[PDB]
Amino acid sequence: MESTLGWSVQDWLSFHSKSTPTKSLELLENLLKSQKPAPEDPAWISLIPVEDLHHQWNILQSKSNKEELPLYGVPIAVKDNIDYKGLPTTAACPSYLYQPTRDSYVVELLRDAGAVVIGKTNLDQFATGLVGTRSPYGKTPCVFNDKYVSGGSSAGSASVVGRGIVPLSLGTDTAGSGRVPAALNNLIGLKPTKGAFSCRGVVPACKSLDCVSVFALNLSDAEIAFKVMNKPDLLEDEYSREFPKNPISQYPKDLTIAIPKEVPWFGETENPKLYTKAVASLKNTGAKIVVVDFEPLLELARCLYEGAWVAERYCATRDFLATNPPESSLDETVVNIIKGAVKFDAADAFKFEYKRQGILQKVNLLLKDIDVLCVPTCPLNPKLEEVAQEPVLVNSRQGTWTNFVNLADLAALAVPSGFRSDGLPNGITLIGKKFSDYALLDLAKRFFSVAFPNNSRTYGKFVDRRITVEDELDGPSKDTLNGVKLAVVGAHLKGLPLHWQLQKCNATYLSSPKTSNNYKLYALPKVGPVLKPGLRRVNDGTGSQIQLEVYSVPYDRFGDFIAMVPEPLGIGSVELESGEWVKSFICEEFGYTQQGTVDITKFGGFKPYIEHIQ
């Protein structure tokens, strides 16, 4: 039949719509057959049985609104860290193996959205490392060159996406594990705001810091996965937290992007070139780039490394370690790290927690006037043998830019910046404050269109395919709004010189209806260099339908918007064509009752009129 390697989610959905339930089952059965487990393919700890593929697919057929399921019959991989009930969970530790009787909340959500889990994916043992070599199941290679490391700890999940077996996969990230493998494999790596994705059914390893993360080939698919898994789960995950309403969806073109004053490369010469060029490209989107001392952030990173956070991994594994399981089941570097936790008492954990809170005061003072950090994802592209030689120091260095994100309650999106001379990829990570995940996506989109002009952007190993349409975003869905419905008629319309005031207050365009038959529109005597209309509700009988744009203005922001609204205008209510009332600009009678006032109703809107002039 037909090749499936490197399909977007959209590619998969298109197939399903135009195919029959049996010929789409076959395509997945066929994808499943081409995969190999165990040591043959180090990327897979385990793969589903054909019976299980049938089961998932039957369940899928029972649901009665497919073609509204944004991941209908789309295959996905899951880090062997995260429970799927159809397969065992291992944490890349053969004797730790266990059978979950229930799905991760995250997996359960993706299944509800129509996806099919194909296998569990290999990782550094107990999700401990940035290298991907620390698994008794095998070392996963870089999708581009088998001499190189895939990155970890989410190594299987990057590999599998990088070569387009599957268009989305799940990883986890405490201090880099969803970001480093994206850079080494030409992927999108989304590390969401903490507590946004539930960690119910993931094996705890630094519970207080840990996030479920996603890999994708493109912005579009990372967005669909985010919308699917961003769901509260307060009573079953102690660190879950609900996204607030009115999430920002775009940074201003003007945004302050901070970069570090000192960028250590540890001898590496190719990667600096990609970073320099990437910063040039951000400047060209119109961003303000500001160079900033990252001292406090690095103090925070050191606090991670010096502190007792290792006691979190130890807490999740000590009962198990005391079981004394066969040495061959264990990675020794991992186990030595985890046992570093024994030398810390409760008093110690607190002492470091104090120091962490103190650093954060400094970190919060620093970020107050910055919108985003742009950081190299990792300094190196490690060779398999380089990390065999120095099995700890390579790891430390690969966390140069990753270690402080979760401690500081930030979000992050690792995104390609191009290729070095030797044809390996790397890239940048963009770090935003709590709940900016949607705006980071969009910022990547804007970065891409400059760094990869003329649709020249590659993805995964697919060095000779180009992104056309797949990096486009819907933005946050209307579900998430909670604001006043506001109708504008004048200088706040798209394209006129007060539109920005709506953007400043994080307004969202809803629609463009007309008033009912009840309205006149005036042009007022110009005084500023801006001309200003006023609406008049009338009932002699002689009104027209005036044209409007309607915006949702977040409740907490409406104060900021109305404060910019000078006499004689005001905010009242207006009647739309359909009979709904909606807040709107109005005008004191004194306003349109001056010498200089011009009856503009004729034009049916304010645009038409500001063109019959200029």
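In case it trips you up, residue 1 is the first one in the sequence shown, and so on.
In this entry, 332 to 340 shows the higher mean Cα temperature factor of the pair 332 to 340 and 360 to 368.
On average the C-alpha atoms of 539 to 547 have higher B-factors than those of the other stretch, with 456 to 464 and 539 to 547 being the two compared. Annotation for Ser417, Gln389, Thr90, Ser249: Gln389 ranks highest, by Cα B-factor. Across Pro167, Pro141, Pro533, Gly152, the entry's maximum B-factor at the CA atom is seen for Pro533. For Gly559, the recorded CA temperature factor ranks within the lowest third of the chain's modelled residues. Looking at the C-alpha B-factors along this chain, the one for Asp471 belongs to the middle third. Sort the chain's modelled residues by C-alpha temperature factor and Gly162 lands in the lowest third, per the entry. When the modelled residues of the chain are ordered by C-alpha B-factor, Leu282 sits in the middle third. In the PDB entry, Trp500 places in the highest third of its chain by CA B-factor.
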